[PDB]
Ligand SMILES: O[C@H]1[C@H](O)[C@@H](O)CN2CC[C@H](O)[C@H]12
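In the block that follows, a single chain appears as structure tokens, in the form solved without the ligand.
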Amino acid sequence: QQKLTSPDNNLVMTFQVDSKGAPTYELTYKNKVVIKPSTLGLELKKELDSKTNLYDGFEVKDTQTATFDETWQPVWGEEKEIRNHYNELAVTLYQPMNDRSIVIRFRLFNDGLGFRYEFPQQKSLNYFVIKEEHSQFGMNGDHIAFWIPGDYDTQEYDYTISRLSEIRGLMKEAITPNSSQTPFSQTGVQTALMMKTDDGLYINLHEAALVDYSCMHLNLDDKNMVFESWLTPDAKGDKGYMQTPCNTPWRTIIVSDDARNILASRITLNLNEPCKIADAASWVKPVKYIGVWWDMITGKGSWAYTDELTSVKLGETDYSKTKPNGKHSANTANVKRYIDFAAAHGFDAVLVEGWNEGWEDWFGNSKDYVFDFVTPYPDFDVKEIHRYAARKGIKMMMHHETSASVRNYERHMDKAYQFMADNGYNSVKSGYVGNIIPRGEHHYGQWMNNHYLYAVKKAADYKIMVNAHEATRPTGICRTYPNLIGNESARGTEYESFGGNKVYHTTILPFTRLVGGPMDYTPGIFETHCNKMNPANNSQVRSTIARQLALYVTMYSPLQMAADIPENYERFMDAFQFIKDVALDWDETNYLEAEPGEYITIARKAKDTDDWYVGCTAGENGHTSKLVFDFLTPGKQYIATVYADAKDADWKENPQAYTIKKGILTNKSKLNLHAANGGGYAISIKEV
């Protein structure tokens, strides 16, 4: 038996090898059980039977302990500086029957535990294939969980809030239709998984540094309340090709008696390798943008240039011989009106989708040669858009939807990134909509994880920033490659056009999806009835206008869209001011209020300023805030503008009802505010 304690002494992890030589761990917090005794280990694919066993028959050959305490600065983040402070136990475990050794490394922080497996180079462990990882997390009770279905292919599901014992009965309805989805179990859920216990704890289960390895989901044993690592299989059912020396990703248990401290934890980032982009600070930069986007997402407009053809063949179809469909939003004149608005209002960039040949066939065809990423449609003048944008101090953000055709994207990748450089594009939104090609792979297997990271490492060579939709959900790698400024990789604002997101969605994402990296959520919908874009579309955004403003503060990202069309912003320009003002990068963050599923309220100090921005987002019952502004600087005065729900505001019946109040605040000020149902508020607080 071996004990490890957090620096503050509040957490204790006990490790032991049992009688069958299986490694076991457990974890307590303030003397409460968080993880019950839980085994660790892996089973390997057969090439001898005993070699398949990397889960028991071990003995402790060595232990080492260490303490780390160093502060580092992210290129962009929720605060200027992050402290990485932990006590470590490393245990060398030897398996006589196989004459081989592994190491399990534990790092225990004041806010939780990380563990991983290490496989040293040695005579009898070199090349191996993982059949299953058997990392357990035994729960001490039938907790409340906030979860989406375990799935190898999508995370674009609404959350469910339920007991662990209720997950099974709810899985069928929780799995809604998607273009690519492979659920794996009636009790399978994804990470990060957020839980609230009856004895007042908050527990988050996740992984960190998902590199050269398959994505971990969790399979719940709902009779014993034990979660277990369930990795994503390849086209043959295997779960990772390994070569020593190599490590698994970290597995993390983040725990506190204060839900706010889950949001504050930096465990995920802390467990990633330090920045490998030496010049990152010189070129990696936050981006606020608008886009030719919502037209197509609502169905008002098309990505396609033409409706005349039953299919297209790149290099054969002559688009100049085709009839424009009259709906193609990515045309030069329209694009320039977006640049105009962007530049009028202080935005950095304009995204355009549907600019390149191919879009007629983008959806659900399993098409290999679906795009070339370089050839514009006849009505999109690349160089003139570039000149016009540059004139206005605006950057165009590139769009590389791959339609999940991965070999095809790789073959064009250097040409595509060269085209970006040649044409003044320095960020790209990529996409992987559809089932993966090569066919047989899943979006989150080891094979695709390699692709996503290859795309980002190659981008870094071109000084290009990457925002990858449909990719594996983040696990802190942005620390290592700060040019990964976004993913979607969860259910975003676009689904508010596809029937809606749950009213409580944005009170969950920061506790789950956001752990490991920002999301390109694309907030800022002011006209929430999609039927005003497209009369055939009766979807309604589940939000008030004020809650949309809040999201620029409650959905942290160095990449922030204002997603509505300019004409809609023009109708509510007074509210639009908050989107214009809000910063993208922060020196400090204060988590003021937080309860998963119910409300989140955050105040952040804009980097290199003494201005603060506050947002509150609420669920189905609203939320009353008693805000206390003692985080402001003593003796200073600030001009505060409060953008709040009207008293009769409601996400469904009255979403555009907002108030704007401008006044002075100091560190002695207090405000009482009420977020409507599916409502919220935003405050800018600028030092006089």
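Residue positions are given as counts along the sequence shown, with the first one as 1.
Missing here is the form deposited with the ligand bound; even so, the following discussion is about that form.
Engineer: Between 562, 555, 297, 192, only one gets a heavy atom within 4.5 angstroms of the ligand in the deposited complex; which residue is that?
Structural biologist: None of the other options qualify; the answer is 297.
Engineer: Counting non-hydrogen atoms within 4.5 angstroms of the ligand in the deposited complex, say which of 293, 444, 612, 305 makes the cut.
Structural biologist: Checking each option against the ligand in the deposited complex, the one that comes within 4.5 Å is 293.
Engineer: Indicate whether residue 401 is a 4.5 Å heavy atom neighbour of the ligand in the deposited complex.
Structural biologist: Contact check for residue 401: yes, within 4.5 Å of the ligand in the deposited complex.
Engineer: Taking the ligand as it sits in the deposited complex, is residue 395 near enough to touch it, meaning that at least one heavy atom pair lies within 4.5 angstroms?
Structural biologist: No, residue 395 is distant from the partner.
Engineer: Could you tell me if residue 429 has a non-hydrogen atom within 4.5 Å of the ligand in the deposited complex?
Structural biologist: Residue 429: yes, in contact with the ligand in the deposited complex.
Engineer: Although the partner isn't part of this model, could you tell me whether residue 111 comes within 4.5 Å of the ligand in the deposited complex, counting any heavy atom of the residue?
Structural biologist: Because no heavy atom of residue 111 falls inside 4.5 Å of the ligand in the deposited complex, the answer is no.
Engineer: To test your reading of this chain, name the stretch in 328-336, 229-237, 68-76, 467-475 whose heavy atoms come within 4.5 Å of the ligand in the deposited complex.
Structural biologist: Looking at the other structure, the answer is 467-475.
Engineer: In the deposited complex, does each of 359, 362 and 433 have a heavy atom within 4.5 Å of the ligand?
Structural biologist: All three within 4.5 Å in the deposited complex.
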